[PDB]
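[1] turn this into a model:
(6 chains, ligands or ions: 11)
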There are 6 protein chains.
Amino acid sequence: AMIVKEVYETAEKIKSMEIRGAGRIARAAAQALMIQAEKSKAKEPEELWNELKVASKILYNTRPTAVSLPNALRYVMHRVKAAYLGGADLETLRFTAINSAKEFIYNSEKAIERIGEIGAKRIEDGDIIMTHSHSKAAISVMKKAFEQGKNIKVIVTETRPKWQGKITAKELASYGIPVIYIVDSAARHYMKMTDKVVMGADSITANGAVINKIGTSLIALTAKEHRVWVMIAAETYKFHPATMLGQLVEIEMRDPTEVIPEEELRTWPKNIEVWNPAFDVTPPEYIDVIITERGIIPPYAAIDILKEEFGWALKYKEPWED
Amino acid sequence: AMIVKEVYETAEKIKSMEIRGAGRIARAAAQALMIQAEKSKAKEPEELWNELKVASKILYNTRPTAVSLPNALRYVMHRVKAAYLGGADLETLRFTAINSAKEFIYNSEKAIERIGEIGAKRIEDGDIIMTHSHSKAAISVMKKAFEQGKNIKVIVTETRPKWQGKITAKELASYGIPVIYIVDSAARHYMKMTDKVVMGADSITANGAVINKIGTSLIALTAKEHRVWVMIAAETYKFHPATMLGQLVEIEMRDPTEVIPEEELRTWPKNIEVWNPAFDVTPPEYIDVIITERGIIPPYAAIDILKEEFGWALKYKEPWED
Amino acid sequence: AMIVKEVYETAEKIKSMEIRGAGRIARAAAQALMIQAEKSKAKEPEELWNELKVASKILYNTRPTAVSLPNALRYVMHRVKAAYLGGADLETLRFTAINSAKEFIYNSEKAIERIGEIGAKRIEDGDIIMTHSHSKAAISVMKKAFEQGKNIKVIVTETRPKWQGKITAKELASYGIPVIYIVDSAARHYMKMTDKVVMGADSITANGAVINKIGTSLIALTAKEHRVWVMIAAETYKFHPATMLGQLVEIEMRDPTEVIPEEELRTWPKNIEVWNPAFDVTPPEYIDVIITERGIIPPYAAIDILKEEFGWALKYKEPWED
Amino acid sequence: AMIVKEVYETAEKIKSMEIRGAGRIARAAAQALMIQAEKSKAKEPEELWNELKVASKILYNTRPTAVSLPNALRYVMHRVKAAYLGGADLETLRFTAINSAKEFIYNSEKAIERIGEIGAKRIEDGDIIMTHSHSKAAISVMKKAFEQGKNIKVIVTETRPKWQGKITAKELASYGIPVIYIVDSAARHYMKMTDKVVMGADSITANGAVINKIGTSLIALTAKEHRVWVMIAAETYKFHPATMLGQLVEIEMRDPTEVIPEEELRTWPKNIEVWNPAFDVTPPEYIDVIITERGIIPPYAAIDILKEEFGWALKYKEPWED
Amino acid sequence: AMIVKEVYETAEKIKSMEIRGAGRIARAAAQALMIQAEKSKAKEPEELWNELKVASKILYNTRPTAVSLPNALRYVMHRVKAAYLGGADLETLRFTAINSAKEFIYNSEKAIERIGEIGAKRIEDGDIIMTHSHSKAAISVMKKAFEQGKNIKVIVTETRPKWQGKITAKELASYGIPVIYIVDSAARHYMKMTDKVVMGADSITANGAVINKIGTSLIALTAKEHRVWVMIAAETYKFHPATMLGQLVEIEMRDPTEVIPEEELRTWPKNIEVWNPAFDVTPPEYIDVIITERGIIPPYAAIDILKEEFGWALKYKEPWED
Amino acid sequence: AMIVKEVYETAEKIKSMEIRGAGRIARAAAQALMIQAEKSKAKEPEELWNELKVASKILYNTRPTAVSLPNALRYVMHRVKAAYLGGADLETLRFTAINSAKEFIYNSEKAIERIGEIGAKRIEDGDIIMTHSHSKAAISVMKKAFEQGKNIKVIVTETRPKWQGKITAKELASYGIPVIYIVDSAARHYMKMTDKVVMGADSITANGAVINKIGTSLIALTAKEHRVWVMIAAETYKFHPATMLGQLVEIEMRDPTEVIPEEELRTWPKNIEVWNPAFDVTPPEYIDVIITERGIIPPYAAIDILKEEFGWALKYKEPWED
Ligand SMILES: Nc1ncnc2c1ncn2[C@@H]1O[C@H](COP(=O)(O)O)[C@@H](O)[C@H]1O
Ligand SMILES: Nc1ncnc2c1ncn2[C@@H]1O[C@H](COP(=O)(O)O)[C@@H](O)[C@H]1O
Ligand SMILES: Nc1ncnc2c1ncn2[C@@H]1O[C@H](COP(=O)(O)O)[C@@H](O)[C@H]1O
Ligand SMILES: O=P(O)(O)OC[C@H]1O[C@H](OP(=O)(O)O)[C@H](O)[C@@H]1O
Ligand SMILES: O=P(O)(O)OC[C@H]1O[C@H](OP(=O)(O)O)[C@H](O)[C@@H]1O
Ligand SMILES: [K+]
Ligand SMILES: [K+]
Ligand SMILES: [K+]
Ligand SMILES: [K+]
Ligand SMILES: [K+]
Ligand SMILES: [K+]
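    Numbering: from 1, shown residues only, chains lettered A, B, ... in the order given. Ligands and ions are numbered 1, 2, ... in the order given. Okay, here it is:
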């Protein structure tokens, strides 16, 4: 198959986390299949079908934990597959793909703004919010509360190994919002002064569990200890279909040198392993609500979100498979 | 008034954290008064006395949180005051200061060894152990349990902002102990494979609370959630006497440039604050045992230690005072 | 603009709490629009419509917390709006308002009876039951369980500041049920002899939280500490729709003279504030079941009730609005 | 009135626990109905109808706690009844009974196989599983996981008084799975080495509570204590529809001779009562997931299984009733 | 025996709670025995011995729950008894009693001031303190923090049935301290804004339990839920000797009409009992510290306080017994 | 080397559990030492000394977990050793052994009687008590309470594998106390009707943990869950001095034939391991009080029992050692 440059560049940048955030990763995965359909030089429908099959697979094997990525691919290729199997001609396939792909990106953008408006109603004036990592959705909520004229301060946790909290601190601060930057270790110490916790999701499971950035479960734990509300801002495509039939989510182990730089680690003894999980799993009992673009749920209603939007596809194979 | 440079240098190095760890800071300050005494050029007792008080004030105003420091100073200066007020001559006073400092240092070393001997009995063949920061007393326990031929593995938390875990990791490796190095955030995620938790203490309070490196309380919190024993390895001079009469322990707020380096921090907007507590406080309900040189205690028995060894001095002002 | 006195009197009495309890307030407001419609002197639909909206605004601005009230108003006014905008003539509109109000009142009465029938099955012969405030729906359950020949005894909390428990106590006694009357403070002390807890609800939220009379959350808290079932007896019109899209329920702050009578309160210094929340919020983790007219649910299933019966109206403004 | 031998045998074998396990009981009840219809000497529809009614009551009045039994009888008799009231002739009605029984029996075996497939995905290589009693659904999960190449070990609790664990241990051993057998008392002692708990259910209620063999709640409680996942393997016919309308599940109290043999018990004093509850009730807060043949649910979603598969029948009487 | 007027007046006023507060009750009990020794017209030592024996018994049978009362009597009569048994003449007995009695009252007064100074060190500037009932000792702590220039607000709970909170609110407010008065039911609702809880004791037990005003355990419970420190301000004579040898403290049941006034209650049905426990028992795990006049303890160190100050007397009969 | 028959019998009877219960074991060990001295044919002091050393080792190497045994041997052999090193002649040394054994045996019986007296005060009229295994100290508490006229009922858990509960039930029945006998699995089912839990101890550690019959921790855990008091009835020789210096108590693993009889076990597959821990370890957070003959303590005061009664011996070797 004749895969375009942009499909491979996008895959590289997902692996390397130059492109990161589960929402963004997913939009970018959709963008890539769109560009493959723009520039494809294929003559028949069945050539193009095959390019998009292979482009999808390239994109799926980049980073495993955020289901947002495969839900973007599925959004485009369920539609592309249906077109092809009902004998769409070539230009009818090229459009299905381009259009499905634009549908997903626009609905993503709209969902986040909507999550912002909903979640902000749960923020009270004077609140001190503690967040983790960098999440566009969590930030939509905090940003929207500030624009409503609520006076808020956000406690940004640093989020090692990759320092995501620096992006968050600068982002919120540039909107006018006062920020307090602290280390991940200081989360319990400042939980007493915290009124709310607002964080993202990479995968939400059937039973209510949230996979998000490493350290998320600690903040959640001690939030429960102190009765601070834990609010997970998360789009419906963060919800994980395969968990309905009993799959556990893969937790991405990233390279040791994101923790200890190569120049430093090569000097350390052989009997020190460095372990770099990218994500942990927060149980549902530590979660007050999940703010989706369709509204507030208890985390145990994740099963409904999946029943009604995703369940149907589980009897079929994946839409990029032979 | 005529204070030697070794006192001034010890101070500077305690502040900058070139000299660090509660016990070592204590030994360094004992040592500093020793050198003041050896090298003093005083002719009268009153003149040496005055040097020994001023040197004590300089050493005590360095770092507040770890009570080891003022306890070392008191061990020396109670004995210096008793001698001076009982009419000691110049050389009897100089030797009282010197010999007292030596007793403190010697007892500090013996206590850490004995703590290791005692704590090691609570480590079992096969144990995965999680620790935090760098604690001589904690390491002593792990080192001895290995030396007894137990096959242990230690999970070492990175301990930001100052990366104390690097020190711990390299040291444990160097005695032959396999290490797993993780970010602080990952402590709950790895608590399910952990069997024991073993950390140090900077100050231990009347009611059993352990003030220790920032993040300690999170590790204990989730340790307890999981039923993993939390064991604090701690010398009797870590116990805090002022807290018998209601005093709260000051928590050191250290320079923000330790968190975010100067060169970068000055590029950030005014409306980000960086906050950097060097310690947090862990409740007694989350501690299984404290391991002192005199044996295993439940945390609530902190008060006995304080009664029988320290309470006598609480009717009197500090032995360095005018 | 030409509003009858029955609407004005119903309002005044809802405010003063002469008419009180979530369900009864709802029925009183349905009834108030009914009388507005029966007695209206309008010639045009537009003129009646306008009376029905203004009367609705007057009734809704009385007391905020209990969602029963605006739910009753909507039951009537959704149907009035649909008729008016579909071109109904004066008398078709008047009858739509009147007949809708009647359906609400009739359904309210049937629901409380059925709730009693359902809840009673969860009461067992011999049960000591603790309750709080005065709730029709809660009493219905206790009354029916007695009527079935179960030998129950009810602990009745006094419920300050308004002494709601006196009402509950006299009423339960009058059906033949032995009562034990205690101050609110004594609820933990008597929780060890309690078998069941049965209380009402003013608003139930998207995530399962029950807003109810002040003190409810304490009784549930210690009920849970003790493993005593907490059962909330509540009509579907107690469920709060705005909370699907992030709205927090306002908690009524009532006059301080209800706490400390006027004559006494004016003798007190300026620097005492009296604060008087009429409700508190009980988390879903402390609730065993909610008992509605449609059956037993776990609290987290609040969201289903809200979805299938109320969410449809959340794209539209209130049916009383200009 | 003309009930075949086979029905009376099934009933006796169910009461004496010669046939046992919730699913197998249900399959035996349907088998009996199937054999009543096959061998019936009834001449008219109304005569067969009456034999089946009576068979169904004989069967329902054997053992109360496991609802799998009445759900089997309902499955058949709902269909048999809908035929009879439509005016179905004799051989038409005999086939509704015969075929509905076979549908139930086949779907049962299919459901359990699929529970195995789904629940096995939650077992990870290396896992140690604690189980309780003898559940065919739980065993399917453990068997499948092992067949996938996962090296697991199973802690089989003995399950007094009927010694069920001996059956589970022998069985699992017979597939090549290493079993650790321990007494019920030791569940907490070994919870620290358990990774996963997997058990059956006799009845699952509307709020998520699980009724299973006596002991089950203790194992769930200490599992929650230690953060081990509790996974309930349960066919959808284990869910209890009467609970939707407030019913409490009856806890079968069986003979004291199953605890203390007749020989020994008769010598004991009169003032020793021997109580033998066959089941207990685990709350949903201690259950991570229910594995059904339609998927994984959080325990709070039990109410949906019921709304959507059994809720329709609650306005009618039992099908075997007049 | 010729008991003076003031012994009987004091007993009456303890029963009626005209004199109340455990410290005050005890000082007043001591005052009474003092006055009996002032005014006694007795000729021999053995007459006087007998008057004080009988005066003590009159005072002991007034209110049972606060051990402060009998510890005051014991303080005077251990001394009086020792005098008499070593053959003190009459004036030597009259003084022992008068003087012992003044010793107790002065040490009481001094202990409270000292509890104020200790406990205030645990109060931080800006703190919002929630209290219960009226306790001189709790107030000493809060009063002393305010005089130190810490800016504090106190949340006074009303404390039914007897309204103690009115005395507290007026008292604190008259010292300049801002007060918030709320009902006992509002304790959890305002626990989120509370930094510290400071309360009294009537009896502290060997194992750490605090008997204090009804409702105390609820505030403590929800304080633990929210991680607010519960500090019990309490003199060493609040500690309960008989608990060392396994006695449970009697919980005083006061007359129903303190709850519902006589004019009102006489009209209520016969099947309503009104239950008025004066006190409840807070377990030690909900208590952070006990501030005694000898300093801060964990509640589990109550056994030490009793071992060293009280243990010795338990092998002897009570000092007012024949 | 010349060890009498009686010592070898005691040892065998201890290993096979023909003599059992921690106290009774200890009394049997001292009895053996007493009989070794009485019947000794030794001519010199050093010869008797040597028989006693060897007897003590034979006895100590029977069963490890219950420390009552080594504390008995220590009581005697500390005294026997202090005599021998003072130069005591033969008949002087024989009497130290004989008399020290009798001192221990008499004080044991006295301690248990006094535990009964003390612990009975915590039983209230009406109480239902759950117990576990067969403890003479626990039984003393239940017997005394009943003898005081309190109408109690006792839930006797069966205590597999050795069926201890049958002994407890028969015994208690024999004093006229109504017993409910239940299997271990049912402890949580009946915890809701239990008012009080009362059990023994084999070893009590320095931090308060209680080692008792397998199952004990499950009963403590579900008791804590339901706020039932857990009361441990334990002689002061149950406290474990090695634990002061970090030692962990060994958990005796006994024969698999005590779980599954030899006849049956030999037929089973090789791939079923049967594990029989005889004890488990209850944490101090789940224990309300330890009832000793010197009084009630909170479990955290165990360290004082030890400091003040056994702490002296830890700098020396065992008395029976060379
Ligand atoms: N890898 C995973 N995939 C899906 N769900 C998980 C995974 N790990 C944990 N969970 C769920 O998330 C929660 C975390 O529980 P625990 O592991 O006990 O903290 C539980 O509900 C688990 O069932
Ligand atoms: N600065 C401090 N000095 C002494 N004790 C403290 C300090 N801060 C907290 N504590 C104690 O440590 C524990 C921490 O409580 P929490 O507020 O639950 O983290 C409590 O037991 C307090 O008594
Ligand atoms: N005003 C409110 N409106 C709606 N939900 C609320 C409100 N206040 C609290 N909650 C919810 O109710 C529960 C109370 O939480 P806590 O703050 O633990 O008492 C949480 O589940 C919140 O989601
Ligand atoms: O989709 P949004 O809300 O922006 O963020 C969702 C989550 O995905 C991210 O992972 P990574 O940085 O890609 O590894 C972060 O963990 C974040 O909370
Ligand atoms: O001794 P002080 O600290 O003043 O108060 C101690 C306690 O005694 C009181 O009881 P009551 O009003 O006599 O029934 C209150 O409960 C108060 O907390
Ligand atoms: K907070
Ligand atoms: K673990
Ligand atoms: K109860
Ligand atoms: K585990
Ligand atoms: K707070
Ligand atoms: K109970």
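[2] what residues does the stretch 151-300 of chain A put near ligand 1?
    A:205, A:207, A:209, A:243, A:248, A:249, A:251, A:281, A:283 (C-beta under 6 Å from any ligand atom). C-beta: built from backbone N, CA, C; applies to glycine.
[3] help me confirm that residue A:79 comes into contact with residue A:102.
    No. Using C-beta atoms under 8 Å, residue A:79 and residue A:102 do not qualify as a contacting pair, with a distance of 11.4 Å.
[4] where does residue A:180 fall, phi/psi-wise?
    Backbone torsions of residue A:180, given as degrees, to the nearest 10, read phi -120, psi 120.
[5] again but with residue A:230, I slipped
    phi -100, psi 110.
[6] who's in contact with it?
    The contact partners of residue A:230, by C-beta atoms under 8 Å, 6 or more residues apart in numbering or on different chains, come to A:197, A:199, A:219, A:220, A:223, A:224, A:282, A:286, A:287, A:288.
[7] do you know how far the second one is from residue C:197?
    Meaning residue A:199. Counting by C-beta to C-beta, to the nearest Å, the separation of residue A:199 from residue C:197 is 33 Å.
[8] and if you look at the fifth one?
    Between residue A:223 and residue C:197 the distance is 27 Å, computed by C-beta to C-beta.
[9] how about the residues of chain A near ligand 4?
    A:20-23, A:25, A:66, A:133, A:135-137, A:164, A:200-202, A:212-213, A:278.
[10] narrow those residues to those in strands?
    Judged by DSSP state E, the residues of chain A next to ligand 4 include A:212, A:213 as members of strands.
[11] one step back: between the contacts of residue A:230, which is closest to chain F?
    residue A:224 (18.2 Å; C-beta to the nearest C-beta).
[12] on that earlier part again, pick out whichever of residue A:223 and residue C:197 has more residues nearby.
    The residue with more neighbours, out of residue A:223 and residue C:197, is residue C:197; 28 against 25, by other C-beta atoms under 10 Å in any protein chain shown.
[13] which SSE is that one in?
    Secondary structure from DSSP states H and E places residue C:197 in strand C:196-199.
[14] quickly run through the sheet partners of that strand, with directions.
    Neighbouring strands of strand C:196-199 in its sheet, by DSSP bridges, are strand C:128-131 (parallel), strand C:229-233 (parallel).
[15] who touches the shortest one?
    Read it as strand C:128-131. C:123, C:138-139, C:142, C:152-157, C:168, C:187, C:190-191, C:193-199, C:219, C:223, C:228.
[16] so is stretch A:135-149 next to chain B?
    No. If you take C-beta under 8 Å from any C-beta of the partner chain as the test, stretch A:135-149 misses chain B, and the best it gets is 11.7 Å.
[17] list the buried residues in that stretch.
    Applying a neighbour-count criterion of 16 or more other C-beta atoms under 10 Å in any protein chain shown, one finds A:135, A:136, A:137, A:138, A:139, A:140, A:141, A:142, A:143, A:144, A:145, A:146 buried in stretch A:135-149.
[18] quick one: secondary structure of the closest residue to residue A:25 other than its chain neighbours?
    Of all residues not flanking residue A:25 in the chain, residue A:69 sits nearest, at 5.2 Å (C-beta to C-beta, 6 or more residues apart in numbering or on different chains). Classification of residue A:69 by DSSP: H, G, I helix; E, B strand; the rest coil places it in helix.
[19] and for residue A:69, the neighbour number?
    24.
[20] for the one 10 residues further on, same thing?
    Residue A:79: 18 surrounding residues under other C-beta under 10 Å.
[21] same question for residue A:114.
    By other C-beta under 10 Å, neighbour count at residue A:114 equals 19.
[22] where's it relative to chain C, distance?
    9 Å (C-beta to the nearest C-beta, to the nearest Å).
[23] spatially nearest residue to that residue, not counting backbone neighbours?
    Distances taken as C-beta to C-beta, 6+ apart place residue A:293 nearest to residue A:114, at 4.4 Å, with adjacent residues excluded.
[24] for that neighbour, give me its contacts.
    So residue A:293 contacts A:110, A:111, A:112, A:114, A:115, A:118, A:235, A:236 (C-beta under 8 Å, 6+ apart).
[25] surely residue A:148 touches residue A:120?
    Yes. Counting by C-beta under 8 Å, residue A:148 does reach residue A:120; the two are 6.0 Å apart.
[26] would you say residue A:290 is within a helix?
    No. Assessed by three-state DSSP, residue A:290 does not belong to a helix; its assignment is strand.
[27] and stretch A:32-42, which residues are buried?
    For stretch A:32-42, the neighbour count (16+ other C-beta under 10 Å) marks A:32, A:33, A:34, A:35, A:36, A:37, A:40, A:42 as buried.
[28] render the CA-only coordinates of that stretch in CSV, please.
    The C-alpha coordinates for stretch A:32-42 follow below in CSV (Å, rounded to 0.1, in the frame of the first residue of the first chain):
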residue,chain,number,x,y,z
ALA,A,32,-4.1,11.5,9.2
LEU,A,33,-6.7,9.1,7.6
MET,A,34,-8.3,12.3,6.1
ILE,A,35,-5.0,13.3,4.5
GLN,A,36,-4.5,9.7,3.2
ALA,A,37,-7.9,10.1,1.4
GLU,A,38,-7.0,13.6,0.1
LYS,A,39,-3.7,12.6,-1.5
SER,A,40,-4.3,8.9,-2.4
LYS,A,41,-3.5,8.3,-6.0
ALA,A,42,-5.6,5.1,-6.0
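[29] could you dump the buried residues of stretch A:135-149 into CSV with distance to ligand 2 added?
    Output for the buried residues of stretch A:135-149, formatted as CSV (distance: C-beta to the nearest ligand atom, whole Å):
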residue, distance to ligand 2
A:135, 28
A:136, 33
A:137, 31
A:138, 26
A:139, 29
A:140, 32
A:141, 28
A:142, 26
A:143, 31
A:144, 32
A:145, 28
A:146, 30
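[30] and the lengthiest helix in chain A, does that touch ligand 3?
    For chain A, the helix that runs over the most residues, judged by DSSP state H, is helix A:90-120. No. Judged by C-beta under 6 Å from any ligand atom, helix A:90-120 stays clear of ligand 3, getting no closer than 12.2 Å.
[31] end to end, how far does stretch A:138-158 reach?
    End-to-end span of stretch A:138-158 (C-alpha to C-alpha, to the nearest Å): 15 Å.
[32] show me what residue of the stretch 51-200 of chain A gets nearest to chain B.
    Closest to chain B within the stretch 51-200 of chain A is residue A:185: 3.0 Å, counting by C-beta to the nearest C-beta.
[33] how far away is that residue from residue A:158?
    From residue A:185 to residue A:158 the distance is 9 Å (C-beta to C-beta).
[34] shared neighbours of those two, anything?
    Here residue A:185 and residue A:158 have residue B:160 as joint contacts, going by C-beta under 8 Å, 6+ apart.
[35] out of the two, which sits in the busier spot?
    Taking other C-beta under 10 Å, residue A:185 and residue A:158 do not tie; residue A:185 has more neighbours (32 against 29).
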